[PDB]
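Shown next as structure tokens: one chain only, the form deposited without adenine (ADE).
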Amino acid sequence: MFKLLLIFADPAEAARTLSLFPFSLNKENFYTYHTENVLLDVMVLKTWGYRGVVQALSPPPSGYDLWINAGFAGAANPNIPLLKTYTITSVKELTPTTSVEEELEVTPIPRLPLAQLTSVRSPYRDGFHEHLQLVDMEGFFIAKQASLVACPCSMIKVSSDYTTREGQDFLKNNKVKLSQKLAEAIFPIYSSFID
């Protein structure tokens, strides 16, 4: 039996994937679906409050065969079109006040185009940057937690906004379309693990 964990940072990212299968809420307060040889679980990091907390994935869930982090990401290079779904090759965490970084490779999803991801705590609105591609908040955290249980981790990120103040309106107004892109990318992965 193949056990797949999907991790979304927030409910808007998760919404359309949760509509794809007849999930039920279990007694542990997260979503679960199974059929044939596949268990499909969904966890959403930030349902409450102004920020996610480390205890969203600490201790990390054990027992899965693959984690997929699917979410929205800002585009910090204008040659990235919006509403495009990428898989991530490596994810960096950046601390702007010190410029210290950490970086981890992640497992690319077949037949999605490749991109690099940087995770930063604050929403990114400075502008465009030569050396950044996609920008999110939670990707690095999730990949590092996956390493603690030696579970492979893959990422799907859809370009959701350009990283400017004015660019944030697009994200605000297109959350359903963006969530739908994530759902459309997850389904063929789920389908390929049916034995």
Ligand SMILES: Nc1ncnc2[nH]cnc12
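Only the largest set of C-alpha atoms that superpose within 1.5 Å between the two forms is called the rigid core. Shifts are known only where both forms have a C-alpha. Numbering starts at 1 and follows the sequence shown.
Only in words, not in the display: the form solved in complex with adenine (ADE), which the text now covers.
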Name the stretch: of 62 to 70, 153 to 161, 42 to 50, 22 to 30, exactly one has residues whose heavy atoms fall within 4.5 Å of adenine (ADE) in the deposited complex.
153 to 161
Can you check whether residue 137 is within 4.5 Å of adenine (ADE) in the deposited complex, heavy atom basis?
yes
Give a yes or no for residue 82: in the deposited complex, does one of its heavy atoms lie within 4.5 Å of a heavy atom belonging to adenine (ADE)?
no
Non-hydrogen atom contact residue 92 with adenine (ADE) in the deposited complex at 4.5 angstroms:
no
Please determine whether residue 123 contacts adenine (ADE) in the deposited complex, using a 4.5 Å cut-off between heavy atoms.
yes
Is any part of 1 to 39 within 4.5 angstroms of adenine (ADE) in the deposited complex by a non-hydrogen atom, and which residues would that be?
none
Comparing between this form and the one not shown on the rigid core: C-alpha of residue 62 shifted by 2 Å or more?
no
Is it true that residue 34 shifts between this form and the one not shown by 2 Å or more at the Cα, once the core is aligned?
no
How about residue 147 - superposed on the rigid core, does its CA move between this form and the one not shown by 2 Å or more?
no
Direction of C-alpha distance change in the deposited complex, residue 139 to residue 50 (at least 3 Å)
closer
Assert for residue 29-residue 44 (C-alpha, 3 Å or more) in the deposited complex vs reference form: pair closer
Upon rigid-core superposition, which contiguous segments of at least three residues exhibit Cα shifts of 2 angstroms or more between this form and the one not shown?
27 to 29, 46 to 53
